[PDB]
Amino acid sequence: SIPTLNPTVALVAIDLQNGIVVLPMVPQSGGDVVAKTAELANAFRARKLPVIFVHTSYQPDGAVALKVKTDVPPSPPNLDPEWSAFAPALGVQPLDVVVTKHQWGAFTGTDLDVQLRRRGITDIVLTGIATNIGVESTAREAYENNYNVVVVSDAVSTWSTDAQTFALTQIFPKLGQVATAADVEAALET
């Protein structure tokens, strides 16, 4: 069923960067998530609707990476500039909004909310990697910040099909709407 969308809608794409799109993920590959996101981005730009590309960086020195105590030790911060560069197939344009984050979710320490508010945006369409981590944290926070959230099922991927299903069926329906890229495109054309 096609999601309900206000005209004041933005596309927000999480962590479609070289170091993350090459990771193993399901139910579609990093490449497919990138491709789907680009297709949606074209539909948004066609309507003069903002496209917001989010990437994670710990430049210049890694000191901004969280070092809080966790049971699962995190990877050390990757300081290769290519790690945080956008996937070339994503088609990031010079007038697109680029948001740089330093943790899972895309609000903390960023200008995402500033960009949304100042552009009059009420609704966000969310894509990216990983469904349960950067996507979900952004989704949860966006909901608390009174945005209508739509998550694109065939443009979010994660580490297992169980995790995908859990987020899409147990969490996201409670904080927003779950739809396919095609469903979202149809809701725009309305």
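Throughout, we count residues from 1 along the sequence that is shown.
Chemist: Quick check: 35-43 versus 134-142, which has the larger average CA B-factor in the record?
Modeler: Between 134-142 and 35-43, it is 35-43.
Chemist: So 64-72 or 123-131, which one's hotter by mean CA B-factor in the entry?
Modeler: On average, C-alpha B-factors are higher across 64-72.
Chemist: Sort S157, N148, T56, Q59 by C-alpha B-factor from the entry and give me just the highest.
Modeler: Answer for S157, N148, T56, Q59: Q59, with the highest C-alpha B-factor.
Chemist: Considering every modelled residue of the chain and its Cα B-factor in the PDB entry, is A10 in the lowest, middle or highest third?
Modeler: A10: CA B-factor falls in the lowest third of its chain.
Chemist: Going by what the PDB entry lists, where does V152 fall on CA B-factor within its chain: lowest, middle or highest third?
Modeler: Ranked within chain, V152 CA B lands in the lowest tercile.
Chemist: Relative to the other modelled residues in the chain, which third contains the C-alpha temperature factor of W104: lowest, middle or highest?
Modeler: According to the entry, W104 has a C-alpha B-factor in the chain's lowest third.
Chemist: For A85, return the chain-relative third of its C-alpha B-factor as stated in the PDB record: lowest, middle or highest.
Modeler: Ranked within chain, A85 CA B lands in the middle tercile.
Chemist: Place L95 in the lowest, middle or highest third of its chain's C-alpha B-factors, as listed in the PDB entry.
Modeler: Tercile = highest for this residue's CA B-factor.
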